[PDB]
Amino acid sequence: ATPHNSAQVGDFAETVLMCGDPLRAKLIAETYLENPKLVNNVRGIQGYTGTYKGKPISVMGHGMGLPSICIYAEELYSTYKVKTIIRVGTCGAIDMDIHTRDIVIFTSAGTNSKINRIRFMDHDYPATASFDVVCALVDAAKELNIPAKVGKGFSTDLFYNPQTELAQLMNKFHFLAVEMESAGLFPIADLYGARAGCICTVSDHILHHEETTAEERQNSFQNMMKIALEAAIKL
């Protein structure tokens, strides 16, 4: 149907969970969905559609960086009539009070990208997570009683960032974590009158060395997944 998707309108559920790693997306599909069917694998993106608690749900990769997720999100909202895209994955902690293996719910995401300035007449567009999605993620967290931190995230274009001072600046303004897609996703959802959200488990800290026990990193991941899945049902 599109340059980056072979599936046809209807193959995708109206709620799609997206992560960077296509293998992760394949794992998710095989681990949490019932009767997952590969509906799209253009560029080995691993797009699946199965069910969770009787409801239709799709999981697909979105590469890394805003330019990438921007392609998938717009194609999904526009061509496949998707209504909700919840980004699920890992990220790097910034704030000193955030520890590795912590789950973070993005209220919004800042960015060093130029995309939003391009779509917003060079002004400051607040890449804000859909309020419904934020509430669904937080309610899920509360109901499952899984500690989660809610706040600003930051979508960087430079994983290896030359501006090393930026990190401390972000810690001063209390940015919770860093990833590479949210700031691009959120505004595209607004444009299509659709919804977007993001939940991540901190896989590493950028300001100091952390303690990462083998079974603690997985628990954290599974916990984030439960929240994302339950919230999807609520939506």
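Residue numbers here begin at 1 and follow the sequence given. If you superpose the two forms and keep the largest set of C-alpha atoms that fall within 1.5 Å, you have the rigid core.
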For this session: Determine, for 202-210 and 167-175, which one has C-alphas that on average lie farther from this form in 6 other deposited structures of this protein; superpose on the rigid core first.
Result: 202-210
For this session: Report, as yes or no, whether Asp11 is left without coordinates in at least one third of the other compared entries.
Result: no
For this session: Find out whether the coordinates of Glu215 are absent in at least a third of the other compared PDB entries of the same protein.
Result: yes
Exercise. If you average the CA temperature factors over each stretch, which comes out higher, 87-95 or 119-127?
Worked result: 87-95
For this session: Identify the stretch, either 6-14 or 209-217, whose C-alpha atoms have the larger mean B-factor according to the entry.
Result: 209-217
Exercise. Based on what the PDB entry reports, which of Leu33, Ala189, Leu176, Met180 has the top C-alpha B-factor?
Worked result: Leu33
For this session: Please work out which residue in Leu169, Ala29, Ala194, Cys70 has the highest C-alpha B-factor recorded for this crystal structure.
Result: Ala29
Exercise. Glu143's Cα B-factor: lowest, middle or highest third of the chain?
Worked result: highest
Exercise. Would the CA B-factor of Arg101 place it in the lowest, middle or highest third of its chain?
Worked result: highest
Exercise. In terms of the chain's CA B-factor thirds, is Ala1 lowest, middle or highest?
Worked result: highest
For this session: Determine, from the deposited record, the chain-internal third of the Cα B-factor for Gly65: lowest, middle or highest.
Result: lowest
Problem set entry | Chain-wide C-alpha B factor ranking for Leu185, given as lowest, middle or highest third | lowest
